[PDB]
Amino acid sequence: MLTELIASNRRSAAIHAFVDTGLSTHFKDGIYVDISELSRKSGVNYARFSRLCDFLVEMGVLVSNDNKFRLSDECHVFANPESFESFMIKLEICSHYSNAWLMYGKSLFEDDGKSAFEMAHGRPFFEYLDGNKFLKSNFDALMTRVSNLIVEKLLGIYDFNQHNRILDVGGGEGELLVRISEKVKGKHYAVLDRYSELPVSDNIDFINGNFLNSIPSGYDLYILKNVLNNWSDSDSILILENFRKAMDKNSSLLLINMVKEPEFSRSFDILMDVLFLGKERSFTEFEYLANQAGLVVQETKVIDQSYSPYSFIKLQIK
């Protein structure tokens, strides 16, 4: 078993070959595929692609019957190139992620606050993405897709209608607030991120800002989704301090994050270390940082997403 654990990478690489080529897009709506006919149609090598299909059956990605193959129920997402899972495998084993992982070991002996990613590429993750269209488009697309998947549940567990002026900080392409604004109308909607060129969307104010320097005041609802996992404890407190300075007594901050729970994998925690010198935090750790910034936890809920549990934390100023 230990040699196949060492060879874990091979599972990721096999899925990449199947999905990144678009071969998986021939397996829509649970159809059984004749690999002989797929080979003639697409010009993929029959015998060598048949061998990859056998390894995908072993992995449980494909199901074998009547001398054909279908995607498993869970793996229907691989037939859709717009699926978050399609964008995830495109990034997971890309050359930039690989080269960052190869600096991980060395990064554990350095104290200069440089991520494994920065050691490999010469700039921190988001600064590097500014000059790399492959990384930025695919990463921003992944975040747009997971945002889209949480909007319904989020609207369900919190009354957005009470609020007037809403700012999503580090909101990226602004998918979260665009989808919220279609359901909760007649509000003011703003999205802050790092924009070389401002996005444009009906009734969205896009702001080019820096949440390490300042959060703009005069909003009664702030959102910070999947940002703190990219930052040290020190940088996290600084971001939360900037919220406290921007917020008055009536303001609310919705802190929304993939949350660390003992039953689930630590693999994401380690990726945040490699890419950002960040971490996946528990409810307790998030509460500690918030208290250090002079904020108080007024509500906590868990949102069950398919891939991971999510922490919903409503914060107000002390």
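Heads up: residue numbers just count along the shown sequence, starting at 1.
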**Complete:** Ranked by mean Cα B-factor in the entry, 27-35 and 267-275, top stretch is 27-35
**Complete:** Entry B factor averaged over C-alpha atoms, 159-167 against 127-135: higher for 159-167
**Request:** Quick one: which of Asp193, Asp140, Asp202, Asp235 shows the highest Cα temperature factor in the PDB entry?
**Result:** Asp202
**Candidate set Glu173, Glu85, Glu152, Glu92 [ranked by C-alpha B-factor, highest]** = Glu152
**Asked** Based on the entry's values, in what third of the chain does the Cα temperature factor of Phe206 lie: lowest, middle or highest?
**Response** middle
**Asked** Which third of the chain does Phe69 land in by C-alpha B-factor: lowest, middle or highest?
**Response** middle
**Complete:** So, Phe78's CA B-factor, relative to its chain, sits in which third? The lowest
**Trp101 CA temperature factor, ranked by third within the chain** = lowest
**Request:** Would you check the entry's CA temperature factor for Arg281 and let me know if it's in the chain's lowest, middle or highest third?
**Result:** middle
